[PDB]
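Heads up: the sequence shown at position 168 corresponds to 168 in the deposited numbering, and the numbers run straight through without jumps.
Ideal Cβ positions, reconstructed from N, Cα and C, are used throughout, including at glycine.
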Amino acid sequence: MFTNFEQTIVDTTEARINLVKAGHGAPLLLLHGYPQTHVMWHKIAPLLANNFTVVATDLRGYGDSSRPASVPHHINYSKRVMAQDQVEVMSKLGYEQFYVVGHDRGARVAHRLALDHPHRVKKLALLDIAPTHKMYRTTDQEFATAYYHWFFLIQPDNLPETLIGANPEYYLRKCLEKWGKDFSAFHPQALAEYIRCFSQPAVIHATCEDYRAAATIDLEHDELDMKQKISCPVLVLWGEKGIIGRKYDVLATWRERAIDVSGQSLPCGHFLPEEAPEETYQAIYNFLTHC
């Protein structure tokens, strides 16, 4: 995986961020989700690196990045702080403006990144999410059942840390099974990497903190600039086989938050770049190349 990519750890003001990088061309930041790492991009990053400078990081709390312990109100796993690490990485690498593609938590990071740094984000792609604020604010039985981890992972007193920590690989696998619709999609070496990082108790804790922040401080942040819209072009891709596109009008959710939205479903479940790599690459390529 990532043949001919350089691996490096970039030290930013508040965090050490692990990354792989390859390519020449306009800079493109790829941001993974839960419970994964930059390795989820392994099928499509090399294709992208044919036309862009690809930078695939681990979010703070995830992968081989720094994972600071909890603070009051979860402020250090707010999407604002998580997005700021990534801005600093791209600056250290010589890029003051760039394209961003995020999946799952990475998309949530990317959304706030675009709002907080509107001059830096030239194009934005969001894979298999609706906005955090819409999702919580429209909670009902079906959502809380399908996305029960948005309630479980935010429980206090180390409840999820303990239950997950008893057998992290079991839990990880259950997540991938539930949200994905082709377990074959996961390369055995990619699965090994996800398991290696998620088995560490500091990562179990930090990733619960991300979820905790999303239910609290992130929603404060989102409400405090609800009138501001993402200004750059936005692409939204989602998995047709998943509940997301059956339950929600995905593009309508994003048009409430952005002025220039396009996108479509792909024929897979949640894990677009692994389940439907060719279709995901094509869509991203066209969006970044033809506008």
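Notebook entry, point to check: Between the C-alpha atoms of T13 and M40, what's the straight-line distance to the nearest angstrom?
Noted result: Against the sequence shown, residue 13 aligns to sequence position 13. Against the sequence shown, residue 40 aligns to sequence position 40. One C-alpha to the other measures close to 26 Å.
Checklist line | 8 Å contact criterion, which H103 and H32 should meet: CB distance rounded | finding: Position 103 of the sequence shown, counted from the start, is the residue given in the question as residue 103. Position 32 of the sequence shown, counted from the start, is the residue given in the question as residue 32. At roughly 6 Å, the Cβ-Cβ gap stays under 8 Å, so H103 and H32 are in contact.
Checklist line | Simplified DSSP assignment, three categories, for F98 | finding: Indexing the sequence shown from 1 puts residue 98 at position 98. In the structure shown, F98 sits in a strand (DSSP, three-state: E or B).
Next item on the list: Inspect the beta-carbon positions of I154 and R212 and report whether they are closer than 8 Å.
Entry: Taking the first residue of the sequence shown as 1, we reach residue 154 at position 154. Taking the first residue of the sequence shown as 1, we reach residue 212 at position 212. Going by C-beta atoms, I154 is nearer than 8 Å to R212.
Next item on the list: Reducing DSSP to helix, strand and coil, say where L153 ends up.
Entry: For the purposes of this step, residue 153 is taken as the residue at position 153 of the sequence shown. Here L153 carries a coil assignment [DSSP, helix/strand/coil].
Check: In whole angstroms, what separates the C-alpha of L30 from that of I244?
Finding: For this step, residue 30 is matched to residue 30 along the sequence shown. For this step, residue 244 is matched to residue 244 along the sequence shown. One C-alpha to the other measures close to 22 Å.
Next item on the list: Leaving aside the five residues before and after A214 along the sequence, list all residues of the same chain whose C-beta is less than 6 Å from its C-beta, in chain order.
Entry: One-based indexing of the sequence shown puts residue 214 at position 214. Answer for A214: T132, listed in chain order.
Note to self: So, for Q7: in the same chain, excluding its five sequence neighbours on each side, which residues have a beta-carbon less than 6 Å away from its beta-carbon?
What the structure shows: Here residue 7 refers to the residue found at position 7 of the sequence shown. Excluding residues within five positions, the ones whose Cβ falls inside 6 Å are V20.
Notebook entry, point to check: To the nearest whole angstrom, what separates the beta carbons of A258 and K229, a pair I think is in contact under 8 Å?
Noted result: As a working note, residue 258 is residue 258 in the sequence shown. As a working note, residue 229 is residue 229 in the sequence shown. Yes, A258 and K229 are in contact; Cβ-Cβ is about 5 Å, under 8 Å.
Next item on the list: Output the distance between the C-alpha atoms of residue 293 and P277, rounded to the nearest integer angstrom.
Entry: Examination of residue 293 is not possible in this model, given that the chain is present from 1 through 291 alone.
Note to self: Any beta carbon of chain C sitting closer than 8 Å to that of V55?
What the structure shows: Of the chains in the structure shown, none is chain C; there is only one protein chain.
Margin query: Can you tell me whether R16 is helix, strand or coil according to DSSP?
Written below: Here residue 16 is taken as the residue at index 16 of the sequence shown, counted from 1. If DSSP states are grouped into helix, strand and coil, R16 belongs with the strands.
Notebook entry, point to check: Enumerated in chain order, which unbroken segments of the alpha helix (DSSP H) with a length of 4 residues or greater are wholly contained in the stretch 153-209?
Noted result: 159-165, 168-179 and 188-198
Note to self: So, with DSSP's three-state summary, where would you put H74?
What the structure shows: As a first step, residue 74 is located in the sequence shown; it is residue number 74 there, counting from the start. Here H74 sits in helix by DSSP.
Checklist line | Stretch pair the stretch 177-195 + the stretch 51-60: three plus CB contacts closer than 8 Å | finding: Between the stretch 177-195 and the stretch 51-60, the count of C-beta pairs closer than 8 Å stays below three; the two stretches do not touch.
Next item on the list: Answer yes or no: do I17 and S78 have a C-beta to C-beta separation smaller than 8 Å?
Entry: The residue labelled residue 17 in the question sits at position 17 within the sequence shown. The residue labelled residue 78 in the question sits at position 78 within the sequence shown. No, they are not a contact pair.
Next item on the list: For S65, name the three-state secondary structure that DSSP assigns.
Entry: Along the sequence shown, read from residue 1 onward, the residue named residue 65 stands at position 65. In the structure shown, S65 sits in coil (DSSP, three-state: anything other than H, G, I, E or B).
Next item on the list: Measure the alpha-carbon distance for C232 versus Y136 and round it to whole angstroms.
Entry: As a working mapping, residue 232 is identified with position 232 in the sequence shown. As a working mapping, residue 136 is identified with position 136 in the sequence shown. Rounded to whole angstroms, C232 to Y136 spans 25 Å at the Cα level.
Next item on the list: Return yes when the Cβ of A125 is within less than 8 Å of the Cβ of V109, no when it is not.
Entry: Translated into the one-based positions of the sequence shown, residue 109 becomes position 109. Translated into the one-based positions of the sequence shown, residue 125 becomes position 125. The answer is no: Cβ separation not under 8 Å.
Margin query: Can you determine whether any heavy atom of the ligand MG sits closer than 7 Å to the C-beta of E209, and answer yes or no?
Written below: Summarising the ligand content, the structure contains no ligands, and the ligand MG is consequently not present.
Checklist line | Residue span of the beta strand (DSSP E) that contains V10, given as start and end | finding: Position 10 of the sequence shown, counted from the first residue, corresponds to residue 10. Taken as a continuous stretch (DSSP letters only), the beta strand (DSSP E) holding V10 covers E6 to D11.
Margin query: Is the beta carbon of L251 closer than 8 Å to that of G242?
Written below: In the sequence shown, the residue the question calls residue 242 occupies position 242. In the sequence shown, the residue the question calls residue 251 occupies position 251. No; because the gap between Cβ atoms is not below 8 Å, this pair is not in contact.
Note to self: I need the DSSP call for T57, collapsed to helix, strand or coil.
What the structure shows: Here the question's residue 57 lines up with position 57 in the sequence shown. Residue state, collapsed to three classes: strand.
Check: Straight-line CA distance for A22 to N50?
Finding: As a first step, residue 22 must be located in the sequence shown, where it is residue number 22. As a first step, residue 50 must be located in the sequence shown, where it is residue number 50. Taking the straight line from one Cα to the other gives about 9 Å.
Notebook entry, point to check: Thinking just about the alpha-carbon of each residue, which of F5, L47, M1 and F198 is nearest to the one in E279?
Noted result: In the sequence shown, the residue the question calls residue 279 occupies position 279. The candidate whose alpha carbon is nearest that of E279 is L47.
Check: According to DSSP, is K241 helix, strand or coil?
Finding: Walking along the sequence shown from the start, residue 241 turns up at place 241. In the structure shown, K241 sits in coil (DSSP, three-state: anything other than H, G, I, E or B).
Note to self: One question on the structure: do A83 and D116 come within less than 8 Å of each other, judged by their Cβ atoms?
What the structure shows: Looking up residue 83 in the sequence shown gives position 83. Looking up residue 116 in the sequence shown gives position 116. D116 sits close to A83, with the two beta carbons spaced by under 8 Å.
Check: At which residues does the beta strand (DSSP E) containing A252 begin and terminate?
Finding: The residue given as residue 252 occupies position 252 in the sequence shown. It is not in any beta strand (DSSP E) - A252 instead sits in the alpha helix (DSSP H) that spans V250 to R255.
Next item on the list: Identify the continuous beta strand (DSSP E) that holds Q264 and give its terminal residues.
Entry: Here residue 264 corresponds to residue number 264 of the sequence shown, with the count starting at 1. Unbroken beta strand (DSSP E) run through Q264: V261 to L266.
Check: Around the C-beta of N167, are 16 or more other C-beta atoms found within 10 angstroms, so that it is buried, or is it exposed?
Finding: For the purposes of this step, residue 167 is taken as residue 167 along the sequence shown, with counting starting at 1. With fewer than 16 Cβ atoms within 10 Å of its Cβ, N167 is classed as exposed.
Notebook entry, point to check: What's the C-alpha gap between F287 and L235?
Noted result: Taking the first residue of the sequence shown as 1, we reach residue 287 at position 287. Taking the first residue of the sequence shown as 1, we reach residue 235 at position 235. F287 and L235: Cα-Cα distance of roughly 7 Å.
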